[PDB]
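The structure under discussion appears below in the form of structure tokens.
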Amino acid sequence: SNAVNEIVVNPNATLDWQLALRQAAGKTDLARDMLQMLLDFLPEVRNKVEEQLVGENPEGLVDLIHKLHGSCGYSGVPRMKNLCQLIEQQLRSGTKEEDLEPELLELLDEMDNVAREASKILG
Ligand SMILES: [Ca+2]
């Protein structure tokens with residue numbers, strides 16, 4: 001099927017600011033900076049994921065997804081973090097990379113969703 005999942009069950013599945021604060025010593029400034037740094041990293045990941053999706057077989061995909069997974073842990077982006085877990089764990093279990101295209105497309109979508117939520121959160 002061409003379809004991927006576009007249902008986000010609740011906007012806190014995209015950005016959970018109370019989770020973000022809980023991971024940043026309860027500090028607004030640190031949670032701010034960590035979210036900013038995540039947003040500034042996403043385009044590098046987007047570009048690699050797009051290359052993968054069009055058959056360029058880029059080097060370093062799983063290691064970059066792993067890095068994004070870790071980065072998510074410093075903030076509060078549950079859907080994104082879990083997408084990274086799905087992608088990496090499937091890749092580690094030997095799944096052909098082409099089979100994971102739906103999750104890669106969902107990750108691209110979630111990058112946009114996170115940016116939208118991030119642009120509002122501190123007002
Ligand atoms: Ca922590």
Side-chain angles (χ1 to χ4, degrees):
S1 169
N2 303 317
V4 309
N5 180 47
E6 289 167 18
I7 298 172
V8 181
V9 298
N10 184 277
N12 259 32
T14 289
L15 182 65
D16 185 335
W17 189 246
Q18 291 180 25
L19 175 56
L21 289 167
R22 177 62 180 74
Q23 298 301 317
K27 302 314 287 306
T28 300
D29 65 336
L30 188 50
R32 166 197 79 204
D33 292 342
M34 291 303 93
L35 180 58
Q36 182 68 60
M37 190 175 186
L38 177 67
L39 293 177
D40 285 337
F41 179 51
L42 296 182
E44 177 185 352
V45 188
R46 174 181 297 112
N47 293 346
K48 181 85 71 184
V49 168
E50 289 180 358
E51 290 161 25
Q52 180 74 18
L53 281 161
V54 311
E56 299 187 18
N57 190 37
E59 80 296 338
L61 175 68
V62 72
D63 293 323
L64 195 59
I65 295 293
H66 185 73
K67 285 181 181 176
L68 180 57
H69 179 264
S71 304
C72 292
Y74 288 75
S75 185
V77 286
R79 178 178 184 219
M80 180 175 272
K81 186 177 168 165
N82 287 333
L83 281 164
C84 289
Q85 182 189 321
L86 284 174
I87 293 159
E88 176 160 27
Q89 298 314 308
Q90 287 291 89
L91 289 171
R92 289 178 76 213
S93 74
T95 300
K96 296 199 307 139
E97 306 184 328
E98 193 168 344
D99 288 355
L100 296 177
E101 294 188 355
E103 290 100 327
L104 294 171
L105 288 158
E106 291 162 353
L107 175 61
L108 295 180
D109 288 341
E110 191 56 16
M111 292 179 175
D112 292 335
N113 297 336
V114 168
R116 294 181 179 280
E117 291 285 330
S119 71
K120 312 166 182 172
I121 191 65
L122 291 187

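Excluded from the calculations below are hydrogen atoms, water molecules and symmetry mates; all remaining heavy atoms, backbone and side chain alike, are included. For the single chain, residues carry numbers from 1 onward in sequence order.
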Quick one: [atom1] on [X] to [atom2] on [Y], what's the gap to the nearest 0.5 Å?
| X | Y | atom1 | atom2 | answer |
| --- | --- | --- | --- | --- |
| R92 | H66 | CZ | NE2 | 8.5 Å |
| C72 | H69 | SG | NE2 | 7.5 Å |
| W17 | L122 | CH2 | CG | 4.5 Å |
| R32 | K27 | CZ | NZ | 10.0 Å |
| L107 | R79 | CG | CZ | 9.0 Å |
| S71 | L42 | OG | CG | 9.0 Å |

All side chain to side chain donor-acceptor pair (under 3.5 Å) counterparts of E50, not counting sequence neighbours: none
Does one hydrophobic cluster hold both [X] and [Y], with members joined at side-chain heavy-atom distances below 4.5 Å?
| X | Y | answer |
| --- | --- | --- |
| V62 | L64 | yes |
| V4 | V45 | yes |
| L39 | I121 | yes |
| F41 | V77 | yes |

Stepwise side-chain contact (heavy atoms from CB on, under 4.5 Å) check, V49 with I65: CA-CA 9 Å; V49 168; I65 295 293; 4.2 Å; yes
Note, [X] side chain near [Y] side chain (heavy atom, < 4.5 Å):
| X | Y | result |
| --- | --- | --- |
| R116 | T14 | no |
| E59 | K48 | yes |
| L30 | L21 | no |
| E97 | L100 | no |
| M80 | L68 | yes |
| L19 | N12 | no |
| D33 | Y74 | no |
| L35 | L15 | yes |

Distance-only donor-acceptor check, side chains [X] and [Y], under 3.5 Å:
| X | Y | value |
| --- | --- | --- |
| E103 | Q90 | no |
| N113 | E110 | yes |
| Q23 | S75 | no |

Neighbour count above 12 (heavy atom, 6.0 Å) for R46 CZ: yes
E101 CD: over 12 foreign heavy atoms closer than 6.0 Å: yes
Flag, side chain of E106 to backbone of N5, donor-acceptor distance under 3.5 Å: yes
Heavy-atom closest pair, residues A31 and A20: CB-O, 4.1 Å
Residue pair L83, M111: steps toward the side-chain contact (heavy atoms from CB on, under 4.5 Å) verdict: CA-CA 11 Å; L83 281 164; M111 292 179 175; over 6 Å; no
